[PDB]
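[1] Quick one: experimental structure and sequence below.
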Amino acid sequence: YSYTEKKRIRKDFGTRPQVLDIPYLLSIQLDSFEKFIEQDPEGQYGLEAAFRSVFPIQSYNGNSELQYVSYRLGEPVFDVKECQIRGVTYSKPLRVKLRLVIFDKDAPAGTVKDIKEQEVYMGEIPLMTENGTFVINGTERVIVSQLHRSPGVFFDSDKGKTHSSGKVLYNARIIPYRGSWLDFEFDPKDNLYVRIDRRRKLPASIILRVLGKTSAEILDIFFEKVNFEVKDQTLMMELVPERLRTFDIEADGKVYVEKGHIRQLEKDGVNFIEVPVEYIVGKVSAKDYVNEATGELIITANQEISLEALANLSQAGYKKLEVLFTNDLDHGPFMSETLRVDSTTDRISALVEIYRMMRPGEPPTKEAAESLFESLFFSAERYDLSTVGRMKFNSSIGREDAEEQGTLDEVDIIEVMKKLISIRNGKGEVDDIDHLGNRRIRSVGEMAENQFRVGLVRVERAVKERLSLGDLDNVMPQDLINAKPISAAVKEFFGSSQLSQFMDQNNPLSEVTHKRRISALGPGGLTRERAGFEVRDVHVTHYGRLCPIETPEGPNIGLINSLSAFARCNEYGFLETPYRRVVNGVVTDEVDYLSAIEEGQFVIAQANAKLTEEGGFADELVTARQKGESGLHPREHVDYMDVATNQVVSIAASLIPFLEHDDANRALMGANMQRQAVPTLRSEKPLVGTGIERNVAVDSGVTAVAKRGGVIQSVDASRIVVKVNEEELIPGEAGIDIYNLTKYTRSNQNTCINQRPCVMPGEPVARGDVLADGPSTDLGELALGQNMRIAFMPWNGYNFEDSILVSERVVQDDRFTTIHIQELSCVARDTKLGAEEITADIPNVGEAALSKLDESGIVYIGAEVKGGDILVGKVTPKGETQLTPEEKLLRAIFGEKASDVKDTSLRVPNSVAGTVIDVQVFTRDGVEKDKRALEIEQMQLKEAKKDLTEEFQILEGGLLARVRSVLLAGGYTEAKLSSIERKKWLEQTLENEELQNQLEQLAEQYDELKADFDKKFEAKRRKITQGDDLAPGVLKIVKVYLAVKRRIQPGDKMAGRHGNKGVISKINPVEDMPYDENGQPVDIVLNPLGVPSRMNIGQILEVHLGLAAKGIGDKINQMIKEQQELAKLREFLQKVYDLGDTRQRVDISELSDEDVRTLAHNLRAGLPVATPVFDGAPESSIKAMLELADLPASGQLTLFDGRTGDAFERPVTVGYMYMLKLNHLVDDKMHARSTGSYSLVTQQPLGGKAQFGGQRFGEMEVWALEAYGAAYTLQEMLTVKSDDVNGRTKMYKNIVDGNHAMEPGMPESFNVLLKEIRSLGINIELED
Amino acid sequence: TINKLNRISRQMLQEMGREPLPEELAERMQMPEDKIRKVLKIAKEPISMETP
């Protein structure tokens, strides 16, 4: 047990040993980006692959070429934190070495006349943070993986749902990574057709002709030949035994049946069979037969033989005739009938027809047609069957060569035709389009490479254009390429892509789930109005790869999936899952990662399989699965076993306790709902958990984990400094590590990101120990909600439907109070009239509203502000305004007139009250810095220097401690050293060479230390002082951060982990809520009526187990308060941890006394218990835990009404449940509007809370009003509330006058309608 | 003016390795920095009122 885990050991109710620890949860991002960025000396991945795919760049003439040598990434100008502060992309420069080689025209081609080496800037590549995120434009974003179709060939069928009859029609489709598509279909007339890029159908014999296949060659490839001879004036059948097994059969010694088994007669074996002449009439010729004397073609290939033809070849002297095989069951004439409907007879006609279907309405020439067909499929530039596509193609056709090829050929096409014909015949089966070996995962590295290659090609076009000119004497490689298209491509992908999404940052679980999300949408994927039911279902190949529970509920169901717990992506982009090998009947420790294709063959056992002490199965027949079907299989035929019980579900589903007792619908809802939880002021562990929380908390990156072990030298709410052990220190290092903690930083969802220390000064810490807990973390465990006392009963209708009744004590204890940080920005721009100024001289505003602003016009840090308060004062110059005469009179009477500038200042939004916690000022380079900006700059520089000096102090303490350790290897008295003053140590004089040399060395080292410290602080000051790159026309920006405490209230949404959501209906006083015999009231009352119909039973079990856990915690609290002996504390803890026949062996005898005190203290608020999914605590264990805590075995208590004191007539289920506060707050959803802004064109009220918009009265509302008969209300909504411009002002005036009458007119939208219809050249008008 | 500003900022970017600040661009153009800022802000093409 690690130190962090030893502080609070969670009781494990699991019973099956875990043989493979869960892998790092963010591997899918980091591995892909490492593939993209790291140098690949073999050149199959990433920037090297793209560079080799585009370069070398060859001029059309051949004069010169540009070649690639190597690439490197520069150092970032900024790190992650200040990239976030300023609002710039965290990236690295791309520097590539290119050589311009100029050939000699006089010399033979290939002569190196000159070379020019140079390094060139090729754009800026964004970098992944250590947590798998990108910082683009100052915002954290995650690029989600895409599930697409693997390149290659897919054979499908219409399943007999197109033609009038069944007639299942078969088709084949080849798709490359880049290039054109090809299709080969069957028609209801059994003819094979070709489509190129989904245009007009063609006979499909054209392509074979293009490659140069004569009709005889086609017939030879696509059919078997049966022969005929003229032997001794008799017809002569070359007999193949397998064919025979309506006429009289020859071989009189072994006469077969005549015009009415086969194997017995074929056993002897003869090669002579005679057939009637009529058997030739129906056959079709297989060759072209020429007569030299006549000079003509007696019979053509693919022609039916006739009696006259037989006579003609009889006179011609030909004795051997071979014809095609044709049946109705195993072999077909499909290709021959295809040839019959083909009008092309040569290669040139083939290219002509292909060109006409490609480019209709264009004069076809031979050279253009040849270029078009070569570029369609046999050109490396426009076609790429990538490595994965090539392997899938080869495996589909069963071809065992050309692994590195990237283009099609004769062999590929002909094998595709042969397979499709075979599937028509009956041999072979169509492909499964949802099978996970047919769908591929494409991650951030692949699409970054793709977009980089697009930009590279964009550069290469212009580079080729320039190189072709010829004048290249004074050109350098950096003068030829164009970095801006490359930057445009990478910033397109990282800023405007559908898969590059705003990071979900409600809690660590939201982050982890977003990084492990697979979307079938996006470029090259599915669209939601064109994705059917089949793609949305759970395929049988999703077992262990895609979670069947976690998917959005709505239009996106089945299209967004979550990676399973142990899922991985192989080197080709296909998901694979680990399994334990079974050898000699024992289930071993060795693990193997299997893909979807491999999984089908073997028989795989489940983690629930009973095992013996020898490592084998207990039952003779074990429940396993094979080819996607479950069943009972013999013990000896099992080849694999599952590695874990949570192998099928995702992390969010793995965090649901008692998942096996919940219906899949409510488990889906709970998994989706755990990611919407908002962190609270205090984070509390879940009493009932699954044992996964530590992994999520550690791998999310929200916590501060120790890179090296040691002792915590210094602890403070913003810093942890640890002294590393001697054994793990790098030679010549300072020996100390510094962790700066994030304090009250806004998240992407306007929540609070806070890191709190969890260590002591002097506490021993090892590698991997948690030092600080981030949001929703408690001692290294994920903490999404709070443990709440729960009673299942109805209460006077206040828990009707899904409503929740909450005690006032919940609000008093601030258990669900959240901190929300909001950004407000005031930008002073440059306008035509003048420059907007930030100042405290605000017209028409008194000193009451200027209390909180400083001299510069910016609020102070720590100012408590409410709605309408001025944060930053700004005045904008305004032009002349026409004063109405009856205001000129008022100006005359009272002479006040001050309208030079207009007050456009930043104000707190209505119904928003909070504290200003940070103010930042950004000033354009060349604009005067006001007093406040100077103050921020001074404080920033002071804090930077203070932090740098603090580091220097602590690291110098560590370094001098190591030097003292080196000196103590001999051992002397340092009092003599301290007798001389520290600086005076540099003033000593030594005459011995041995001592003097050391003195000079020390002096030089001290000088170098001073130099490096000066350089570091100079660089930091340069970073702080540089002006901001503000947008064109922008003079200044001020940003104010407001922190708001939000308390729970009616209308807020609360939920558990089992899909049980609700809205708080009332905050009940404590004296009105049910209480037990000890006077302790419940905290939340839930409706029992919602449990049985939704089949989410894990919540009742969670309630019972939580009751038991809190009872055990109360027992520990009691045993500590009475100061009982340590022996009995140890005995109780050991009894608690020994309950049940679990896999956990916790021995308190090996914990020290202080360790036992710490553990007992951390168990005061309840004993945390782990119930892993599908390996959870049974009913008996829960009841035994209840009896240990002296609680009823039924989990039901007697409760009393606080309003009356009368006991309820039945026992009530009371326990503890983990509740969450979802980010659906009534503060952010309450909206109302009387009159506000209006649209520019439609003159209708805007939409949304941000625009102070109005609710939409849609078509269905109008139908409802029509059904009622409310003509006047409908007219009000149509005219005087939306777009009757005069009518709405008249209505406002009348309401102010207390009249309540309207004068409806014509809506503006109808006038716009008329204007557009007239603009379409149609006379529409109104008649009177 | 816009095209040749683009070309000079091109060459400066490729020669130093980062986006050239308007001061250095004005120095290379032998024109006042205010004129450079006027040209830079002059008119980017209007965005469409149908951008999703």
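    Perfect, I can see it now. Numbers count the residues shown, from 1 in each chain, chains lettered A, B, ... in the order given.
[2] Confirm that residue A:466 lies within a strand, as I assumed.
    No - assigned with DSSP: H, G, I helix; E, B strand; the rest coil, residue A:466 falls outside any strand and is helix.
[3] what number of residues lie near residue A:753?
    By other C-beta atoms under 10 Å in any protein chain shown, 18 other residues sit near residue A:753. Every C-beta, even on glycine, is put in place using the N, C-alpha and C of the backbone.
[4] Around chain A, pick out the residues from chain B.
    Counting by C-beta under 8 Å from any C-beta of the partner chain, chain B comes close to chain A at B:10, B:13, B:14, B:15, B:17, B:18, B:21, B:23, B:33, B:37, B:40, B:41.
[5] Count the neighbours of the fifth one for me.
    It stands for residue B:17. Residue B:17: 16 neighbours (other C-beta under 10 Å).
[6] Now do the closest residue to residue A:1288 other than its chain neighbours against residue A:1294, distance only.
    Closest residue to residue A:1288 apart from its sequence neighbours, by C-beta to C-beta, 6 or more residues apart in numbering or on different chains: residue A:1280 at 5.3 Å. Distance, residue A:1280 to residue A:1294, using C-beta to C-beta, to the nearest Å: 10 Å.
[7] Common neighbours of the two, please.
    Jointly contacting residue A:1280 and residue A:1294 under the rule C-beta atoms under 8 Å, 6 or more residues apart in numbering or on different chains are residue A:1302.
[8] who's more crowded, those two?
    Taking other C-beta under 10 Å, residue A:1280 and residue A:1294 do not tie; residue A:1280 has more neighbours (22 against 15).
[9] Now do the phi/psi pair for that one.
    Main-chain dihedrals, residue A:1280, degrees, to the nearest 10: phi -90, psi 0.
[10] who's in contact with it?
    So residue A:1280 contacts A:1287, A:1288, A:1290, A:1291, A:1302, A:1304 (C-beta under 8 Å, 6+ apart).
[11] Return the members of the residues you listed classed as buried.
    Neighbour counting by 16 or more other C-beta atoms under 10 Å in any protein chain shown classes A:1287, A:1288, A:1290, A:1291, A:1302 among those as buried.
[12] Quick check: which element contains the second one?
    Using DSSP states H and E, the element containing residue A:1288 is helix A:1285-1296.
[13] Ramachandran coordinates for residue A:1187?
    Per degrees, to the nearest 10, the backbone of residue A:1187 is at phi -70, psi -30.
[14] Does stretch A:1019-1028 reach chain B?
    No - counting by C-beta under 8 Å from any C-beta, chain B has no neighbours in stretch A:1019-1028; the shortest distance is 8.9 Å.
[15] what does that stretch contact?
    With C-beta under 8 Å, 6+ apart, stretch A:1019-1028 has contacts from A:78, A:82, A:86, A:922-926, A:937, A:940-941, A:944-945, A:948, A:1037.
[16] Please state the backbone phi and psi of the residue in chain B that chain A sits nearest to?
    Closest approach between chain B and chain A, counting by C-beta to the nearest C-beta: residue B:41, at 3.8 Å. Dihedral angles of residue B:41 (phi, psi; degrees, to the nearest 10) stand at phi -90, psi 0.
[17] Look up how far residue A:95 lies from residue A:574.
    35 Å.
[18] and these two? which has more neighbours close in?
    residue A:574 (21 against 15).
[19] OK, contacts around the more buried one?
    A:150, A:436, A:437, A:440, A:441, A:595, A:596.
[20] And the residues you listed, which is closest to chain B?
    So of these, ranked by how close each gets to chain B (C-beta to the nearest C-beta), first place is residue A:441, at 27.1 Å.
[21] count of residues packed around the nearest residue to the residue of chain B closest to chain A once chain neighbours are set aside?
    Using C-beta to C-beta, 6+ apart and skipping residues adjacent in sequence, the residue nearest residue B:41 is residue A:1032, 3.8 Å away. Residues near residue A:1032, counting by other C-beta under 10 Å, number 14.
[22] Tell me who's in contact with the spatially most central residue of chain B.
    Nearest residue to the geometric centre of chain B (C-alpha atoms, centre = their mean): residue B:40, 4.8 Å. Counting by C-beta under 8 Å, 6+ apart, residue B:40 touches A:1032, B:5, B:22.
[23] hey, what's the residue of the stretch 701-850 of chain A found nearest chain B bridged with?
    Closest approach between the stretch 701-850 of chain A and chain B, counting by C-beta to the nearest C-beta: residue A:830, at 8.8 Å. Assessed by DSSP bridges, residue A:830 has beta-bridge partners residue A:835.
[24] from what I can see it touches residue A:1036, true?
    No - look at residue A:830 against residue A:1036 with C-beta atoms under 8 Å: they stay out of range, at 10.1 Å.
[25] Which one's more surrounded, those two?
    Remark: of residue A:830 and residue A:1036, residue A:1036 carries more neighbours, 25 against 16, as counted by other C-beta under 10 Å.
[26] is it true that the more buried one lies in a helix?
    No - counting by three-state DSSP, residue A:1036 falls outside a helix, being strand.
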